[PDB]
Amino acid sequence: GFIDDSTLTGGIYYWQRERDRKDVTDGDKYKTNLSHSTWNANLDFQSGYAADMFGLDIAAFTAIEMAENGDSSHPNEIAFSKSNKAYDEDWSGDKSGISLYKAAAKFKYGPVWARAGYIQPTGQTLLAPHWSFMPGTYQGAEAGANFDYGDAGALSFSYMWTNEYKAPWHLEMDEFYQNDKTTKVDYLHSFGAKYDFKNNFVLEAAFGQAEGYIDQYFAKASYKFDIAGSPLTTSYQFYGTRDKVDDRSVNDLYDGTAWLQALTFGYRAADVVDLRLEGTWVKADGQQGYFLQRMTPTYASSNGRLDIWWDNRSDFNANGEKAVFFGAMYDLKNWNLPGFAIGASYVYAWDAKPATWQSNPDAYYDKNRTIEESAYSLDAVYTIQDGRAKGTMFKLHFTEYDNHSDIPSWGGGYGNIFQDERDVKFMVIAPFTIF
């Protein structure tokens, strides 16, 4: 029933960050890169289905700046950028505001479903929003279907079409453009599918396009099996992208197909420590020099599905780059501290190459150089177990990041690699239900 199955939920969020980065042009001074305290709050209405076919979802969030040092850079991605539209971004500030982030009619008819309006991708395609506390928002529609074949498996597939987007730090939607920020991309769309064989084997794949510009690929195979009574989870993931501009203009991003391949292992040992072993390998020949899982190249302009996230500041996505991640998350419940967990992680990556050509090379550009990067992070988490504030979570994250070069940040033909950093994030997440 439309009314009786309605839910209204939300949260209060607090984020405080101090990040400094090495300026190898000013004597390696670790300068303030981010320093701010910011609140978010959201309210999210989800209706039931009238006649099990017709529903509505509406949700909004606010960001309130609390503190920000004058030397912190922008946008910090928790407040709103001072620039309301992504393609106007000029990196000059941040501001408070209110954004409508869901506003959609939803539909169901047998095995088919659809949503249209201000939406997040929700099916099997490779479109994705950015996530801060809240998600970004697409203007468009998605429709898909679910077919259950009992023990023989289950098939799901969906299609999404969109012509505008806003990241959670943009108050307004913008259209899509090529790398020059002026040649129009009329839409993004994507089709994908998932087959679950109900034996812990699962296959997923999707294709997407940016109109006139980019073809995007995704595939993933996952498998779980028990060792010592606990599942070892494994997956192989492939992400691919090809452009349609190979004239060596500013819009020519990739030579051939660029891709990112990954293998992941996960295992919970002694029922108390979550372990992660992951590796990635990137090919990205051409002018850009790094792999992007999104189909529009401009920062904040759209996003795409990428199931690999190591929270170690760098993306480890340069041409040629190989990288290995080890993480451990230790639940302290047997010290009688249920809800307390501490963790640590480490990344080492090598063979990172630059763009294979540059139009205005800088002093440090050398087509055949290779470099290395590494990082380690520490994590502490507490979730309130009982009472008024049950589920309220406190998190503390520290990262030390090391560029194994003295190439200045964003330079040398490594357009997505920056210099040594120290990063500390403290966040509080306080969900609530009104009904």
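Sequential numbering from 1, following the sequence displayed.
Note on 132-140 vs 320-328: mean CA B-factor is higher in 320-328. Higher average CA B factor: 351-359, of the stretches 299-307 and 351-359. Take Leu43, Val381, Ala375, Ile371 and read off each C-alpha B-factor from the entry; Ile371 has the highest. The PDB entry gives the largest Cα B-factor of the residues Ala221, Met160, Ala145, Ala270 to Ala270.
The entry lists a Cα temperature factor for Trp281 that places it in the middle third of the chain's modelled residues. In this PDB entry, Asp255 carries a Cα temperature factor that places it within the middle third of its chain's modelled residues. The deposited CA B-factor of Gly289 belongs to the middle third of values across its chain. Per-chain ranking of the deposited C-alpha B factor places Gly339 in the highest third.
The PDB entry assigns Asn76 a C-alpha temperature factor belonging to the middle third of its chain's modelled residues.
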